[PDB]
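Taking it in order: structure first as structure tokens, then the write-up.
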Amino acid sequence: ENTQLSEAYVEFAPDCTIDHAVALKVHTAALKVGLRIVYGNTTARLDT
Amino acid sequence: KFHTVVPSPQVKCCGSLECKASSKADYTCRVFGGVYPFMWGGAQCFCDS
Amino acid sequence: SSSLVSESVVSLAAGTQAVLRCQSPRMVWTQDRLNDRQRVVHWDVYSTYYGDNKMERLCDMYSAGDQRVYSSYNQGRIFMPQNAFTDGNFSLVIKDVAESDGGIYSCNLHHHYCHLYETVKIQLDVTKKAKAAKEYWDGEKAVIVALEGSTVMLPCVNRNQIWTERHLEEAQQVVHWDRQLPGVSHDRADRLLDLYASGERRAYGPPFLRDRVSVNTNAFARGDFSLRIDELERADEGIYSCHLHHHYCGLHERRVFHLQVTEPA
Amino acid sequence: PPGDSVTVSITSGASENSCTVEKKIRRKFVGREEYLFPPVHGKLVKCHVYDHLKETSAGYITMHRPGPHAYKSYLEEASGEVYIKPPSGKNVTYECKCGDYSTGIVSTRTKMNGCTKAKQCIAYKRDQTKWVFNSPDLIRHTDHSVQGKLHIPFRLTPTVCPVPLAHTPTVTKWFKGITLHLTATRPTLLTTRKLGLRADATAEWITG
Amino acid sequence: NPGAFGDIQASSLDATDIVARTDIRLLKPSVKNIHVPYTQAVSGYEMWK
Ligand SMILES: *[C@@H]1O[C@H](CO)[C@@H](O)[C@H](O)[C@H]1NC(C)=O
Ligand SMILES: *[C@@H]1O[C@H](CO)[C@@H](O)[C@H](O)[C@H]1NC(C)=O
């Protein structure tokens with residue numbers, strides 16, 4: 001006549017705190033260039 | 001089958017040294033500066049690099 | 001037992017609350033033991049030649065971390081050995097020194113858990129060619145009159161155990177308050193209190209002495225180990241000695257109070 | 001070292017008790033070449049290791065009060081009539097349903113019930129003092145509430161690890177190509193790719 | 001030729017004079033203590049075996 005109720009669920013393991021894998025969506029790639037220019041035995045920097 | 005003899009390294013401390021060749025088979029020699037030998041007793045000798 | 005760092009003498013009357021103030025900020029401890037043994041070596045150059053020119057933080061490196069070059073342009077130009085922390089060498093290499101690179105560089109090592117730091121300065125003067133390139137000592141640093149358009153190496157190597165990853169027993173801050181009573185010898189003194197950075201506390205003597213002899217509640221959160229001795233009894237005299245130890249960092253401090261008690265007539 | 005199961009045993013001087021569980025343990029190591037144990041000389045790389053220190057700052061384990069517990073020694077049925085003998089100096093509750101859900105409390109006492117069947121009444125040594133971790137082998141008190149938490153020690157951390165430097169290959173000469181005399185004593189991973197439009201990715205594991 | 005038969009050759013088994021090349025290259029020390037790391041090709045005789 002008795003009865004028993006059983007339930008189960010899931011959660012991320014503690015070690016996940018360092019083993020996580022994250023999914024990303026990327027778009028509109030942008031590019032940055034560092035140029036070094038030399039003129040009249042003088043050196044100049046830039047990054048644009 | 002052969003056997004690689006590895007005599008303990010020469011150490012010249014806080015000065016300079018130069019490599020020297022020998023007549024032994026496959027003899028290979030090489031110096032290294034800036035080394036810092038350490039051993040169970042501690043630092044073997046003393047001059048920074 | 002801890003080596004001599006501070007020794008002092010105190011005198012008070014019986015029935016009064018004594019305060020033997022032992023403190024060591026280097027005994028401060030971090031509750032976070034997650035690789036707390038992080039070391040960061042970074043190079044900071046100030047171009048004093050260019051008038052008041054903002055100093056450039058050329059490069060960072062973290063033990064168990066990358067050698068991040070701060071500015072994209074300097075990538076490749078600035079180099080530090082990859083085994084720097086393994087061997088203790090933290091010297092810098094500038095692949096092609098130019099007039100823009102001239103200035104006083106300064107290597108700085110920082111140890112987070114010990115909250116310690118060190119640093120040394122090296123100058124880099126840029127001369128046009130080899131007819132005036134050399135090295136000398138100014139009085140507080142080594143100065144390199146560097147060959148413009150060629151690689152130049154700025155030396156600094158910290159040969160100490162604090163900056164190496166060899167096992168150190170992972171020690172943490174610990175403290176021992178002893179009381180060498182009159183006629184007793186030091187390092188045999190009856191232990192009065194024992195403390196650890198983890199909050200472990202041990203008391204000695206009769207319960208009344210434990211109530212009277214007591215160290216502050218949050219010692220290691222403040223780097224404080226002051227010993228209160230409430231309602232002094234003349235038997236509470238002697239050489240109180242607080243041994244503070246941190247073997248992972250090398251702390252072996254001794255802080256002593258010669259508390260001689262007196263009584264009325 | 002690896003195996004197929006994990007076993008924990010304790011010897012009580014005269015008796016020994018062990019409990020085990022299946023688990024696929026296989027030796028693994030970091031780098032592009034699977035060695036046995038790290039050598040004295042080699043490069044330094046990032047790894048993740050469990051700190052050997054009690055202090056932890058990762059994980060969160062629950063804890064709540066225990067459920068009831070049954071026992072047979074609390075009731076005796078040598079005679080036709082029931083008999084309950086709760087442990088001396090210990091409170092006990094007893095329950096059975098004959099006629100109604102009759103329950104009683106006994107403090108070092110042997111109370112009686114009208115119904116006679118041995119199976120009928122059951123006894124709890126209820127204390128509800130110490131909390132317990134949830135497990136399939138326990139039962140839940142009717143409240144079903146979370147009471148406290150605890151830290152799981154010995155948690156992960158990133159740290160430097162040593163890895164071997166494999167024997168450097170010998171490059172050869174070949175018109176519009178190369179031949180590599182690759183020498184290695186343990187499994188190693190070789191990879192390459194062209195620098196043009198086509199990736200032409202190539203990867204291989206070399207044993208000897 | 002390293003990694004092949006006849007890497008070590010001696011006019012007689014107990015000849016003091018030996019001629020052999022087996023591609024031994026030293027490596028710079030990079031550890032606290034004293035230690036000479038040598039990297040070498042697998043013995044030719046064993047691979048022929
Ligand atoms: C650059 O070249 C010019 C052309 O003669 C010269 O006058 C000048 O001194 C040079 N600058 C440097 C820094 O050498
Ligand atoms: C059982 O619990 C009741 C309720 O407080 C108490 O009065 C009694 O003394 C307890 N009996 C024993 C044996 O502890």
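Residue numbers start at 1 in each chain; chains themselves are named A, B, ... in the order of the structure tokens; ligands are numbered from 1 in the order shown.
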Handout entry: Per-residue DSSP, range 29-107 of chain C, filtered to helix (DSSP H, G or I), as a ChimeraX atom specification
Key = /C:84-87,99-101
Preceding selection exported with N, CA, C and O atoms as an mmCIF file, in the first residue's frame:
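Dumped everything to selection-v3.cif:
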```cif
data_model
loop_
_atom_site.group_PDB
_atom_site.id
_atom_site.type_symbol
_atom_site.label_atom_id
_atom_site.label_comp_id
_atom_site.auth_asym_id
_atom_site.auth_seq_id
_atom_site.Cartn_x
_atom_site.Cartn_y
_atom_site.Cartn_z
ATOM 1 N N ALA C 84 62.174 32.800 -17.402
ATOM 2 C CA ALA C 84 62.633 33.841 -16.486
ATOM 3 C C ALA C 84 62.407 33.444 -15.033
ATOM 4 O O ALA C 84 63.331 33.490 -14.213
ATOM 5 N N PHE C 85 61.179 33.048 -14.696
ATOM 6 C CA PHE C 85 60.884 32.681 -13.317
ATOM 7 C C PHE C 85 61.543 31.364 -12.934
ATOM 8 O O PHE C 85 61.906 31.169 -11.768
ATOM 9 N N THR C 86 61.707 30.451 -13.894
ATOM 10 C CA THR C 86 62.327 29.165 -13.591
ATOM 11 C C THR C 86 63.778 29.339 -13.160
ATOM 12 O O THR C 86 64.230 28.695 -12.206
ATOM 13 N N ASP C 87 64.524 30.203 -13.848
ATOM 14 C CA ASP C 87 65.932 30.426 -13.547
ATOM 15 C C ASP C 87 66.184 31.703 -12.756
ATOM 16 O O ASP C 87 67.302 31.897 -12.267
ATOM 17 N N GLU C 99 66.226 55.993 -30.912
ATOM 18 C CA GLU C 99 66.118 57.144 -30.024
ATOM 19 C C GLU C 99 64.836 57.097 -29.204
ATOM 20 O O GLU C 99 64.820 57.545 -28.051
ATOM 21 N N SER C 100 63.756 56.561 -29.775
ATOM 22 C CA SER C 100 62.509 56.444 -29.027
ATOM 23 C C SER C 100 62.658 55.505 -27.838
ATOM 24 O O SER C 100 61.967 55.672 -26.825
ATOM 25 N N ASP C 101 63.550 54.518 -27.935
ATOM 26 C CA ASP C 101 63.728 53.539 -26.871
ATOM 27 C C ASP C 101 64.597 54.045 -25.728
ATOM 28 O O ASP C 101 64.604 53.424 -24.660
#
```
Exercise for the section: Please extract the residues at most 12 Å from ligand 1, counting only C-alpha atoms and all ligand atoms, and provide them as number ranges by chain, using the chain letters and residue numbers of this document. Expected result: A: 38-43; C: 98-99, 126-129, 148-149
Exercise for the section: List all protein, DNA and RNA residues that have at least one atom no more than 8 Å from any atom of ligand 2, counting only C-alpha atoms and all ligand atoms, and write them as a list in words. Expected result: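 Listing the residues within 8 Å of ligand 2 gives residues 88, 89, 90, 91, 92, 105, 106, 107 and 108 of chain D.
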All residues 8 Å or closer to range 51-68 of chain D, only C-alpha atoms, same chain fewer than 5 positions away omitted, as an mmCIF file with N, CA and C atoms, in the first residue's frame:
```
data_model
loop_
_atom_site.group_PDB
_atom_site.id
_atom_site.type_symbol
_atom_site.label_atom_id
_atom_site.label_comp_id
_atom_site.auth_asym_id
_atom_site.auth_seq_id
_atom_site.Cartn_x
_atom_site.Cartn_y
_atom_site.Cartn_z
ATOM 1 N N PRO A 14 31.541 20.812 -9.952
ATOM 2 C CA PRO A 14 32.385 21.907 -9.442
ATOM 3 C C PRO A 14 33.608 22.179 -10.302
ATOM 4 N N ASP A 15 34.277 21.131 -10.786
ATOM 5 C CA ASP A 15 35.481 21.330 -11.581
ATOM 6 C C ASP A 15 35.206 22.152 -12.831
ATOM 7 N N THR A 17 34.259 24.926 -13.018
ATOM 8 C CA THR A 17 34.740 26.283 -12.781
ATOM 9 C C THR A 17 36.026 26.582 -13.540
ATOM 10 N N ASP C 32 42.519 33.550 0.364
ATOM 11 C CA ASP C 32 42.507 32.853 -0.917
ATOM 12 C C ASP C 32 43.861 32.190 -1.137
ATOM 13 N N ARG C 33 43.881 30.857 -1.128
ATOM 14 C CA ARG C 33 45.086 30.079 -1.391
ATOM 15 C C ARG C 33 45.077 29.485 -2.799
ATOM 16 N N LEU C 34 44.355 30.120 -3.723
ATOM 17 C CA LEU C 34 44.305 29.683 -5.119
ATOM 18 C C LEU C 34 45.543 30.207 -5.831
ATOM 19 N N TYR D 124 11.227 4.564 15.733
ATOM 20 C CA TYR D 124 12.286 5.496 15.374
ATOM 21 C C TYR D 124 13.031 5.935 16.626
ATOM 22 N N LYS D 125 14.358 5.947 16.538
ATOM 23 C CA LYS D 125 15.206 6.544 17.571
ATOM 24 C C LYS D 125 15.509 8.003 17.243
ATOM 25 N N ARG D 126 14.456 8.781 17.005
ATOM 26 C CA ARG D 126 14.620 10.121 16.455
ATOM 27 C C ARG D 126 15.501 10.984 17.352
ATOM 28 N N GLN D 128 17.385 13.902 15.336
ATOM 29 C CA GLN D 128 17.402 15.101 14.495
ATOM 30 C C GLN D 128 18.340 16.165 15.061
ATOM 31 N N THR D 129 19.568 15.745 15.358
ATOM 32 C CA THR D 129 20.600 16.634 15.875
ATOM 33 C C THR D 129 21.647 16.981 14.827
ATOM 34 N N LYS D 130 22.204 15.980 14.154
ATOM 35 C CA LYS D 130 23.272 16.180 13.187
ATOM 36 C C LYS D 130 22.714 16.124 11.773
ATOM 37 N N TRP D 131 23.197 17.021 10.919
ATOM 38 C CA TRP D 131 22.776 17.047 9.528
ATOM 39 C C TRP D 131 23.495 15.954 8.740
ATOM 40 N N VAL D 132 23.033 15.731 7.509
ATOM 41 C CA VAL D 132 23.538 14.640 6.684
ATOM 42 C C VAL D 132 23.455 15.046 5.220
ATOM 43 N N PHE D 133 24.424 14.580 4.440
ATOM 44 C CA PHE D 133 24.439 14.810 3.002
ATOM 45 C C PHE D 133 23.371 13.957 2.330
ATOM 46 N N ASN D 134 22.738 14.503 1.295
ATOM 47 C CA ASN D 134 21.718 13.739 0.587
ATOM 48 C C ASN D 134 22.369 12.615 -0.207
ATOM 49 N N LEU D 138 19.419 7.172 1.823
ATOM 50 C CA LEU D 138 18.795 7.774 2.991
ATOM 51 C C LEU D 138 17.333 8.091 2.694
ATOM 52 N N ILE D 139 16.655 8.644 3.696
ATOM 53 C CA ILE D 139 15.263 9.054 3.585
ATOM 54 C C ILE D 139 15.168 10.491 4.066
ATOM 55 N N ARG D 140 14.148 11.197 3.595
ATOM 56 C CA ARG D 140 14.007 12.620 3.860
ATOM 57 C C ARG D 140 12.965 12.855 4.943
ATOM 58 N N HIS D 141 13.313 13.694 5.915
ATOM 59 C CA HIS D 141 12.330 14.158 6.881
ATOM 60 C C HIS D 141 11.248 14.950 6.158
ATOM 61 N N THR D 142 10.029 14.898 6.697
ATOM 62 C CA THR D 142 8.883 15.449 5.980
ATOM 63 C C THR D 142 9.067 16.920 5.629
ATOM 64 N N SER D 145 13.899 20.396 3.745
ATOM 65 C CA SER D 145 14.488 21.725 3.709
ATOM 66 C C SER D 145 16.005 21.621 3.784
ATOM 67 N N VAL D 146 16.673 22.605 3.188
ATOM 68 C CA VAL D 146 18.129 22.703 3.200
ATOM 69 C C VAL D 146 18.541 23.515 4.417
ATOM 70 N N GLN D 147 19.473 22.979 5.202
ATOM 71 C CA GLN D 147 19.886 23.594 6.458
ATOM 72 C C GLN D 147 21.254 24.253 6.401
ATOM 73 N N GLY D 148 22.226 23.657 5.715
ATOM 74 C CA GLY D 148 23.558 24.229 5.714
ATOM 75 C C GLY D 148 24.344 23.827 4.485
ATOM 76 N N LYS D 149 25.571 24.336 4.420
ATOM 77 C CA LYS D 149 26.460 24.079 3.298
ATOM 78 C C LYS D 149 27.856 23.773 3.818
ATOM 79 N N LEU D 150 28.657 23.151 2.957
ATOM 80 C CA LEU D 150 30.050 22.878 3.271
ATOM 81 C C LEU D 150 30.880 22.972 1.998
ATOM 82 N N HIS D 151 32.172 23.224 2.195
ATOM 83 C CA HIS D 151 33.125 23.377 1.105
ATOM 84 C C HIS D 151 33.771 22.039 0.780
ATOM 85 N N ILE D 152 33.851 21.722 -0.506
ATOM 86 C CA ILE D 152 34.563 20.539 -0.975
ATOM 87 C C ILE D 152 36.043 20.903 -1.075
ATOM 88 N N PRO D 153 36.925 20.263 -0.316
ATOM 89 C CA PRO D 153 38.332 20.672 -0.311
ATOM 90 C C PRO D 153 39.088 20.138 -1.520
ATOM 91 N N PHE D 154 40.339 20.584 -1.631
ATOM 92 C CA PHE D 154 41.266 20.093 -2.647
ATOM 93 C C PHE D 154 40.716 20.350 -4.052
ATOM 94 N N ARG D 155 40.605 21.634 -4.374
ATOM 95 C CA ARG D 155 39.992 22.065 -5.620
ATOM 96 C C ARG D 155 41.046 22.534 -6.623
ATOM 97 N N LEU D 156 40.615 22.629 -7.880
ATOM 98 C CA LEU D 156 41.524 22.768 -9.008
ATOM 99 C C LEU D 156 42.232 24.118 -8.994
ATOM 100 N N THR D 157 43.413 24.160 -9.621
ATOM 101 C CA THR D 157 44.142 25.408 -9.783
ATOM 102 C C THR D 157 45.092 25.302 -10.967
#
```
Handout entry: Gap from CA of residue 188 in chain C to CA of residue 173 in chain C - Å, one decimal
Key =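 Those two atoms sit 21.5 Å apart.
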Exercise for the section: Write out as an MDAnalysis selection string the residues lying within 10 Å of residue 224 in chain C, counting only C-alpha atoms and excluding same-chain residues fewer than 4 positions away. Expected result: chainID C and resid 21:28 215:220
